[PDB]
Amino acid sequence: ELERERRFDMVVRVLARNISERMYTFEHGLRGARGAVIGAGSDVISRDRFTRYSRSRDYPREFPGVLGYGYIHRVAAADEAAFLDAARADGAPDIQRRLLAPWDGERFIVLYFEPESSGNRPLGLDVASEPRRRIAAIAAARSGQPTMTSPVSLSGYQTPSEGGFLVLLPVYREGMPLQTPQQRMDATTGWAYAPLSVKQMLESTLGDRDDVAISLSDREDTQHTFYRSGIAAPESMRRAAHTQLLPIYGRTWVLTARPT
């Protein structure tokens, strides 16, 4: 009788480890994408050098579950016009600042993203115009760590609504102090980022997990889940659910499970 809740605790702990392992495979390409801009130096990577970088990778094969990888530039309101004129001349003549919600602060604009054949065209999306993305960009900039958002709706990566996440990693200006969050924030020039759809990420890890009735949510708002699958055995409804806390990229996910 007692062996049952231990045998399934083994099931849950392993499933939690797999979700966390898939999530942390994406970190590699995030640091690879920042690597390209570091190699480029102080003067932000050209369209040609970044597109050449992305073509040297094979994201569907190397990183199954991620839409792709890109670069967001940090630009103040008074430098928007010059940035847009520079970007337009570099191979994106139709690029414009695009807002997710009204924002008049400092803009964090998507400049590069590869590949379009995967998600959609997020070019010119102001990631600061939406608070959850802004909170992740700011936290990553201050910490120096890859920082995921709270669950979001991926606009620019197809329509209609597709639940997802963005994972951001800041690129620092060479020769600037990084000893404090504030020093690190003032040093950020842009961010390497990865957009990911909930469904695509989970498809790879738990292809056919008909042995579990699971639910996933962020701890900051447990009332709303971002993923749910299967119906539990009616016997397992006599006791409580197995819960696991998954720390992923500065965020905490709560995995709830029951057999069947």
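Residue numbers run from 1 along the displayed sequence.
As recorded in the PDB entry, 205-213 is the stretch of 50-58 and 205-213 with the greater mean C-alpha temperature factor. As listed in the deposited structure, the average C-alpha B-factor of 115-123 and of 160-168 is greater for 115-123. As recorded in the PDB entry, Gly175 shows the highest C-alpha B-factor of the residues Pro151, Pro146, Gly190, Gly175.
When the C-alpha B-factors of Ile109, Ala82, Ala137, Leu100 are read from the PDB record, the largest value belongs to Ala82.
Ranked by Cα temperature factor within the chain, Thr25 sits in the lowest third according to the deposited record. In the deposited entry, the Cα temperature factor of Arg184 places it in the highest third of its chain's modelled residues. Sort the chain's modelled residues by C-alpha temperature factor and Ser197 lands in the lowest third, per the entry. Among the modelled residues of its chain, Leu246 has a C-alpha B-factor that falls in the middle third according to the deposited record. Sort the modelled residues of the chain by CA B factor and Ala76 lands in the highest third.
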